[PDB]
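In structure tokens, the next block holds one chain alone, the form deposited in one PDB entry.
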């Protein structure tokens, strides 16, 4: 009767052993600071859930970033704040410096340490083989940390990874979609961003875990080493699974949905087709051959697996021969 349950193979019961206050974010009380301490410089951009501004902390001449959340639900604002405070000081985790009430949109505003990022469209075309490995290892430190802390980032992608290349400093930012992992909990599948959505999301499998972030990381690695942005370029959430099945094959996809007793949307019957897993050498060309190695391909192979339980964990990934050179 319905899908088969699943649980993370690591850090399974971290949250149950911690005080209620750690994961029960709804009860958190915000200690509001003074908004007028930060002078807004310019709008960095607008997404569906926030407006981010470059700002100056006028007490110390330090550059900061101010994230002003769009209305949403009180529960979500406390969740991002709680996760940010629980992870504060962790390896390569962005530091929440302050919290203020915004006067224009009476919604709360998060103040962060500024990172001198470069648009990924430009930065990634300039990364060497060594650089990809170095930064991948830095992202893995953050993911292993947040997973060890019982938290799934759930939105791993280039716009959510700040890289100050000149100083070789990487921070994992945007904990807005992050959530506490509780074994057996059925989560909302409308998470991550299209090209980085795991097959568990695409097939509507709700009992997912930290391993979703490992699929997302794999998508980032494939785009970097093959110089193909994004690697799985779906037109929509249905075509997204089709793009994946053209690379990973359909037989392993059907075994995955068989294993978890998933009812695949009948809309896929006419579009998935029949595909065999491609050898990674198919995506290698003269212009990306310098970023590819047998270690890179093996590592990518171990992340990009339909079965979320079969993907390398962040700790296993950090042990991979791909990082022996770093």
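Residue numbers count along the first chain shown, from 1. Think of the rigid core as the biggest set of C-alphas that the two forms share within 1.5 Å after superposition.
Although it is not shown, the form deposited with a partner chain bound is what the next lines describe.
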> From the list 70, 290, 282, 277, which entry has a heavy atom within 4.5 Å of the partner chain in the deposited bound form?
Replying inline: 70
> Within 4.5 Å of the partner chain in the deposited bound form, heavy atoms considered, which of 56, 297, 272, 257?
Replying inline: 56
> If you check in the deposited bound form, is residue 163 within 4.5 Å of the partner chain, heavy atoms only?
Replying inline: no
>> Just checking whether residue 250 would be counted as a contact of the partner chain in the deposited bound form - the rule being heavy atoms within 4.5 angstroms.
In response: no
>> Residue-level contact is defined here as any heavy atom of the residue lying within 4.5 Å of the partner chain in the deposited bound form; does residue 129 satisfy this criterion?
In response: no
> Can any non-hydrogen atom of residue 148 be found within 4.5 angstroms of the partner chain in the deposited bound form?
Replying inline: no
> Any chance 8, 14 and 209 all have a heavy atom within 4.5 Å of the partner chain in the deposited bound form?
Replying inline: no
> Tell me which of 164-172, 139-147, 98-106, 211-219 has residues with heavy atoms within 4.5 angstroms of the partner chain in the deposited bound form?
Replying inline: 98-106
> Pick from 126, 118, 188, 95: whose Cα moves by 2 Å or more between the shown form and the other one, rigid core superposed?
Replying inline: 118
>> Superposing on the rigid core, is the Cα displacement of residue 294 between the shown form and the other one 2 Å or more?
In response: no
> Core aligned, does the CA of residue 206 move at least 2 Å between the shown form and the other one?
Replying inline: no
> Is there a C-alpha shift of 2 Å or more at residue 49 between the shown form and the other one once the rigid core is superposed?
Replying inline: yes
>> What direction does the residue 48-residue 201 Cα distance move in the deposited bound form compared with the shown chain, closer or farther, given a change of 3 Å or more?
In response: farther
>> Between the shown chain and the other structure, the Cα gap of residue 119 to residue 81 differs by 3 Å or more. Is it closer or farther in the deposited bound form?
In response: closer
